[PDB]
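No hydrogens, no waters, no symmetry mates; every other heavy atom, side chains included, goes into these values. All chains are named by letter (A, B, ...) in the order of the sequence lines, taking the proteins before the strands, and each is independently numbered beginning at 1.
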6 protein chains.
Amino acid sequence: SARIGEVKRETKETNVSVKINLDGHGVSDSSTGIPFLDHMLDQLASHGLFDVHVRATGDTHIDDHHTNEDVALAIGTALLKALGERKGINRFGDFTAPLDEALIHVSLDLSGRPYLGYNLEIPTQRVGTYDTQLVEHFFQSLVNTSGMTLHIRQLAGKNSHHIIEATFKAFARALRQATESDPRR
Amino acid sequence: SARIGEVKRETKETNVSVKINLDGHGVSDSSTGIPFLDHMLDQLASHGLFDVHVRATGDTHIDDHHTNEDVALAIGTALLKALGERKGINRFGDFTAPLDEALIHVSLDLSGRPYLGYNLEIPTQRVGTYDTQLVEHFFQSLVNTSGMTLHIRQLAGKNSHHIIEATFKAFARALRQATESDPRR
Amino acid sequence: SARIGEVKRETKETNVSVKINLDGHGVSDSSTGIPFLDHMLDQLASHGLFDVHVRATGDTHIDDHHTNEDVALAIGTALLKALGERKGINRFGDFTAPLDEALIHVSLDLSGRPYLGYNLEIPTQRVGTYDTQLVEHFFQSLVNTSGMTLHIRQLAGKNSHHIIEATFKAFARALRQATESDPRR
Amino acid sequence: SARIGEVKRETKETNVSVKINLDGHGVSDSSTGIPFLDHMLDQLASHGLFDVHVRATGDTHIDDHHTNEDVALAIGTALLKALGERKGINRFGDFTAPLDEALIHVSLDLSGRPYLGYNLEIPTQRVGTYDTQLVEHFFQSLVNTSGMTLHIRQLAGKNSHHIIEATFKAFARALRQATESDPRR
Amino acid sequence: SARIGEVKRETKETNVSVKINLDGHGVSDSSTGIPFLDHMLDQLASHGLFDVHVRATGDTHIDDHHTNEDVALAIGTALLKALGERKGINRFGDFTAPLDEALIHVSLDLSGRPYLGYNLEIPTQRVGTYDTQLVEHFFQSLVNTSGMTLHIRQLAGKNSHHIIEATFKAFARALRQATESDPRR
Amino acid sequence: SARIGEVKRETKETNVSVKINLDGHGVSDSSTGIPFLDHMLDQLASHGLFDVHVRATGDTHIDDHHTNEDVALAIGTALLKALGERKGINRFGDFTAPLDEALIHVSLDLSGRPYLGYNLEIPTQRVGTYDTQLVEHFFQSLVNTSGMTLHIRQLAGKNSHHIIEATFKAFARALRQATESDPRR
Ligand SMILES: [Mn+2]
Ligand SMILES: [Mn+2]
Ligand SMILES: [Mn+2]
Ligand SMILES: [Mn+2]
Ligand SMILES: [Mn+2]
Ligand SMILES: [Mn+2]
Ligand SMILES: [Mn+2]
Ligand SMILES: [Mn+2]
Ligand SMILES: [Mn+2]
Ligand SMILES: [Mn+2]
Ligand SMILES: [Mn+2]
Ligand SMILES: [Mn+2]
Ligand SMILES: [Mn+2]
Ligand code: NA
Ligand code: NA
Ligand code: NA
Ligand code: NA
Ligand code: NA
Ligand code: NA
């Protein structure tokens with residue numbers, strides 16, 4: 001039976017609905033009001049073979065910060081719920097993905113202890129309309145509600161969109177690994 | 001009886017109305033034409049337990065500078081009027097507020113001698129559409145019309161929205177302390 | 001009615017029982033198998049006016065690490081439970097406590113978002129038999145389950161016991177402030 | 001019943017009489033033969049809400065050193081006497097006070113163990129006729145007879161009169177906090 | 001017989017009309033499609049007492065560059081035409097203007113030989129939607145068609161809007177002096 | 001006819017009377033209890049062609065600080081009063097004055113927004129009995145009550161009396177310029 005986590009979260013600032021299938025086929029269906037984040041969430045589905053359904057509405061006239069954070073928090077919680085008792089899984093994931101000149105190493109453990117190690121150096125302040133400080137906030141928030149240990153290490157990269165997208169490819173692949181069944185467990 | 005200060009400031013550039021209640025319940029009612037400043041004025045009301053009413057429009061087609069300044073000047077005057085003869089109050093306020101990784105120490109004295117000490121280092125140029133140079137200008141202008149001695153010291157912080165918002169939290173709580181009754185005066 | 005949180009948690013490594021009263025009288029009843037940690041828990045009770053009850057049976061023949069961690073995790077959860085809906089509280093706490101030459105500033109927010117900022121430099125590796133690396137882990141683990149934003153800043157200090165104990169005094173006092181009723185809320 | 005400490009002390013060099021009320025109304029009555037010190041003692045009364053009565057005569061034809069020291073020693077003893085058994089008090093005090101561009105953080109504990117941490121950098125040698133080295137000596141001597149743990153930290157300042165006066169404001173306010181009743185003890 | 005210069009110039013990128021009266025009363029009537037430039041041209045009128053009429057229709061969907069340049073070229077030519085044979089004028093101008101923290105020294109000679117000396121350091125990339133690289137280009141183009149020797153020296157300044165606007169105030173006042181009659185010539 | 005501003009102000013520390021005529025003939029009538037300040041106020045009258053009447057008494061046995069500050073505050077208020085609506089004036093003033101080896105550039109704007117930029121480096125602590133820190137405090141306090149934008153820049157100088165006196169000559173001549181009628185307004 002497919003492992004599915006669903007979360008509805010309403011704050012003063014944002015309304016968020018998430019549904020994630022750990023055992024999906026890469027179905028991407030994300031609409032957050034933040035086009036660059038939607039693009040990254042599509043990468044998450046396609047490279048992780050998760051089914052990702054996200055809806056958010058919020059106060060983007062202020063900036064994208066509150067929406068970014070609330071989506072990430074909800075996603076972490078959805079992952080936690082989908083994982084259930086975590087029986088018979090690999091638990092650890094490790095992958096290095098390129099995107100042209102960018103190269104990003106992600107290592108993670110579905111440990112129940114939140115930690116983010118992050119060293120990206122994104123050389124521009126905006127990719128499209130997306131504030132590049134929000135990348136770290138997205139992963140930190142996801143970590144805090146999922147309880148995962150996550151290390152994100154930039155090995156190479158110059159183009160901001162390549163650095164971020166390569167990070168999502170590596171994260172998706174590492175998370176696929178961690179959530180898959182270990183054949184000897 | 002509640003201490004309420006009301007100010008109309010009209011310049012070539014901006015039309016401003018402010019009403020502040022020092023003895024409020026955190027009623028937030030601010031519309032400046034600058035969404036991020038509206039968000040910070042909400043934080044002022046919420047964290048300081050002030051009632052804050054602001055209406056402004058101006059030449060935002062140029063940039064946010066003139067409106068940001070005229071709003072700040074009028075708030076400073078409003079505070080001055082609300083304080084009246086300052087009988088029986090703490091006068092001094094001192095608070096350090098975190099917001100995640102950010103940590104800001106604000107110390108103030110309702111002295112009648114304007115001074116701004118400010119050392120924030122905001123690492124991005126825009127939060128949403130808000131020019132981060134305007135944060136210092138907001139506090140300088142407020143100080144100049146209120147006659148407040150104000151020091152703002154950045155102890156930690158990386159996210160620009162966090163640093164600015166922690167500053168308003170700390171300022172609001174320090175100002176609440178300073179405007180409150182001293183039980184021995 | 002007093003705000004009391006109780007946690008019983010057993011792992012492969014440790015068997016822990018914690019009960020904390022936020023509205024206590026400083027009743028101290030901590031026995032962890034780690035004498036220096038018991039001394040610090042006593043400081044928490046006495047300086048915070050919490051009633052603190054801790055029992056732990058752990059694998060200290062290996063080292064104190066698993067016991068220290070499991071105690072801290074359970075305390076964080078106990079605090080979370082005791083706080084309930086967090087209605088009407090100060091929420092923020094800020095205190096700087098000396099102990100002779102040592103001086104430690106603690107600032108915290110009962111935010112629901114875990115974060116530890118810690119900069120202690122403890123110049124010796126052992127205080128009695130207690131590994132001084134475990135101080136940071138204690139606070140990190142406590143933050144992670146309580147969901148608090150916590151900043152610990154060393155302003156002065158040379159004696160390791162003084163540095164660590166001053167940190168617990170300042171923490172206890174900042175947490176007492178945060179958990180107390182705000183008379184205007 | 002008001003907590004009052006009285007000291008008479010005669011040395012080869014000076015004759016000093018001190019009376020301090022911890023529970024006063026800011027009555028300032030200091031005549032030491034050192035006008036700048038009188039001015040600082042007035043600040044201590046007004047900002048601390050102590051009643052301060054001081055008389056000293058001595059060998060100021062030599063310099064102000066012996067008088068300054070003997071006044072400080074007597075005040076320390078007077079505080080210790082007034083404190084009595086220290087039942088039910090806050091014991092710790094912490095305050096940061098501005099005076100224009102100056103900003104001074106004082107932290108203290110009524111511990112019974114004397115310690116002075118002092119880092120003021122006063123950039124002129126005389127304020128009026130008062131030797132600026134005597135500021136440190138005043139606080140050191142006070143600490144030695146009171147048994148106080150006292151930390152004085154300069155955060156900002158350029159004007160010598162401002163730096164010293166802000167220190168006395170912050171000290172008076174921290175000391176008031178420490179000597180006041182803790183409502184839960 | 002006011003000295004009036006008029007230029008109508010159309011390129012494949014822009015269509016521009018400028019009319020300047022050296023002997024004006026500050027009448028400001030500038031619409032370029034670049035709101036910040038219009039604000040600066042208003043400053044030129046107000047502080048210089050020129051009558052300034054500008055209209056431009058340009059390709060601002062690309063960026064403000066071609067419009068900014070073509071407006072500046074046309075203003076330079078209009079000044080040249082207005083000056084005519086330059087009989088009896090001061091010819092040199094020199095003014096230092098503050099705007100809050102900003103302080104800008106402008107020195108010019110209506111010499112017939114184009115030169116721009118410019119050392120502004122504008123610390124942000126955008127003021128509103130206005131690219132701050134365009135300030136130097138405005139003055140360079142103006143110099144090139146007018147044939148003036150112009151030095152712009154930043155003595156102080158932190159806020160980009162203040163730096164640029166002070167530059168325009170100082171330029172306008174220096175140009176007013178240079179274009180005015182020398183009573184002895 | 002003549003623009004005259006009068007201010008009487010008494011505090012616990014000082015008693016001050018100021019009368020200034022902006023349209024004077026350099027009548028000098030200053031007695032502050034601080035002989036070097038008297039001499040500088042004489043320079044203000046003679047170089048500015050202001051009529052300057054000042055009387056002050058106060059606690060100079062403590063030091064000259066309170067007197068210096070209260071005189072400057074009163075002067076600033078008196079200038080503000082005398083200026084009235086500020087109709088038809090130059091508003092800006094700019095002058096560089098030598099005194100032997102000293103050279104001081106003063107630039108100011110009668111703007112309504114207080115700002116002091118000050119970089120004097122006065123190499124001795126006392127000129128006669130006058131504490132050289134008081135020069136800066138004089139100008140800061142004057143700016144604060146007058147609402148002027150004032151920049152004081154040391155270009156050269158070694159002798160402390162010369163540096164200070166040149167500053168007052170330049171300030172006086174700049175203020176004369178700013179307060180004089182613009183013949184085209
Ligand atoms: Mn956030
Ligand atoms: Mn892409
Ligand atoms: Mn401005
Ligand atoms: Mn926010
Ligand atoms: Mn282990
Ligand atoms: Mn561990
Ligand atoms: Mn101990
Ligand atoms: Mn001695
Ligand atoms: Mn004083
Ligand atoms: Mn082009
Ligand atoms: Mn070009
Ligand atoms: Mn402007
Ligand atoms: Mn002062
Ligand atoms: Na398996
Ligand atoms: Na009161
Ligand atoms: Na409450
Ligand atoms: Na008590
Ligand atoms: Na002429
Ligand atoms: Na005029």
Side-chain angles (χ1 to χ4, degrees), chain B residues 113, chain D residues 35-36 39 126-129 159 161, chain F residues 2-83 97 99 106 122 124-146 148 150 152 160-176 179:
Chain B
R113 298 181 302 275
Chain D
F36 188 83
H39 179 45
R126 298 281 169 102
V127 63
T129 62
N159 180 285
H161 188 136
Chain F
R3 288 167 296 164
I4 292 161
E6 303 178 35
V7 169
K8 281 215 175 66
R9 183 159 170 266
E10 194 179 21
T11 69
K12 193 149 279 131
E13 295 111 311
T14 64
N15 193 10
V16 177
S17 292
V18 172
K19 189 197 180 213
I20 300 191
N21 188 342
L22 299 184
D23 301 296
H25 300 95
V27 179
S28 193
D29 177 26
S30 293
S31 188
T32 57
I34 303 173
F36 192 81
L37 181 59
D38 293 348
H39 180 47
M40 297 301 101
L41 295 172
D42 298 343
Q43 295 278 310
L44 175 61
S46 70
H47 286 271
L49 300 176
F50 305 119
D51 301 335
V52 177
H53 162 88
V54 178
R55 297 285 186 278
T57 57
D59 53 19
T60 58
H61 57 295
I62 293 179
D63 71 347
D64 288 337
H65 186 117
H66 302 154
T67 299
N68 183 79
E69 179 164 356
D70 288 337
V71 169
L73 300 163
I75 292 172
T77 300
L79 293 168
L80 176 69
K81 287 173 101 171
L83 280 164
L99 194 185
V106 174
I122 301 164
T124 61
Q125 291 187 17
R126 291 287 168 107
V127 49
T129 59
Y130 187 68
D131 181 339
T132 58
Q133 291 206 313
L134 297 185
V135 184
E136 181 174 353
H137 201 321
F138 178 88
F139 291 104
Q140 185 71 63
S141 297
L142 189 151
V143 152
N144 290 354
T145 50
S146 68
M148 83 169 60
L150 176 58
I152 296 171
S160 302
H161 188 136
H162 289 174
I163 291 162
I164 298 161
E165 186 172 317
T167 299
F168 275 88
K169 292 183 211 292
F171 173 72
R173 289 164 178 278
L175 190 58
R176 170 173 167 190
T179 59

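Here the closest non-hydrogen pair linking F:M148 and F:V143 is O-CG1, 3.4 Å. Taking all atoms of both residues into account, the shortest heavy-atom contact from F:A166 to F:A97 is CB-O, 3.9 Å. Taking all atoms of both residues into account, the shortest heavy-atom contact from F:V71 to F:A56 is CG2-CB, 3.7 Å. Looking at every heavy atom in both residues, F:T67 comes nearest to F:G58 through OG1-CA, 4.0 Å. For the pair F:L41 and F:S30, the tightest heavy-atom approach, listed with the atom from each and the gap, is CB-OG, 3.5 Å.
Applying the side-chain hydrogen bond (donor to acceptor under 3.5 Å, both in side chains) criterion to F:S146, with sequence neighbours excluded, gives no partner residue. Applying the ring pair (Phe, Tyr, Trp, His ring centres under 6.0 Å) rule to F:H66 yields the partners D:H39, D:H161; only residues at least two apart in sequence or on another chain are considered. Qualifying side-chain contact (heavy atoms from CB on, under 4.5 Å) partners for F:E6, counting only residues two or more places apart in sequence or in other chains: F:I4, F:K19. Applying the salt bridge (charged side-chain N to carboxylate O under 4.0 Å, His left out) criterion to B:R113, with sequence neighbours excluded, gives D:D100. Shown here are the side-chain contact (heavy atoms from CB on, under 4.5 Å) partners of F:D131, two or more places apart in sequence or in another chain: F:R126, F:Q133, F:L134. Applying the side-chain hydrogen bond (donor to acceptor under 3.5 Å, both in side chains) rule to F:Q43 yields the partners F:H47, F:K169; only residues at least two apart in sequence or on another chain are considered. Partners of F:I122 under the side-chain contact (heavy atoms from CB on, under 4.5 Å) rule, at least two apart in sequence or in another chain, are F:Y118, F:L120, F:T132, F:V135, F:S160, F:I163, F:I164. Qualifying salt bridge (charged side-chain N to carboxylate O under 4.0 Å, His left out) partners for F:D42, counting only residues two or more places apart in sequence or in other chains: none. With sequence neighbours excluded, the residues forming a side-chain hydrogen bond (donor to acceptor under 3.5 Å, both in side chains) with F:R9 are F:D70, listed by chain and number. For F:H53, there are no ring pair (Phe, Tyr, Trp, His ring centres under 6.0 Å) partners at least two apart in sequence or on another chain. F:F50 is linked by a ring pair (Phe, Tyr, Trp, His ring centres under 6.0 Å) to nothing, counting only residues two or more places apart in sequence or in another chain. When the side-chain hydrogen bond (donor to acceptor under 3.5 Å, both in side chains) test is applied to F:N21, no partner is found at least two apart in sequence or on another chain.
Atom CG of F:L83 is separated from atom CD1 of F:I20 by 10.0 Å, given to the nearest 0.5 angstrom. Rounding to the nearest 0.5 Å gives a distance of 8.0 Å between CG of F:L142 and CG of F:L150. In this structure, the separation between CG on F:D23 and CZ on F:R3 is 4.0 Å, given to the nearest 0.5 Å. Distance CD1/F:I34 to CG/F:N68: 5.0 Å, rounded to 0.5 Å. Here F:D64 contributes atom CG and F:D59 contributes atom CG; the two are 9.5 Å apart, rounded to the nearest 0.5 Å. Summarising the geometry, atom CG belonging to F:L175 is positioned 12.5 Å from atom CZ belonging to F:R173; distances are rounded to the nearest 0.5 Å.
Side chain of F:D38 to backbone of F:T32: a donor-acceptor contact under 3.5 angstrom is found. Checked by atom type and distance alone, the side chain of F:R55 pairs as donor or acceptor with a backbone atom of F:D29 at under 3.5 Å.
A 4.5 Å side-chain heavy-atom check between F:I62 and F:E13 finds every atom pair outside the cut-off.
Side-chain rings of F:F171 and F:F138 stay apart, their centers remaining 6.0 Å or farther from each other.
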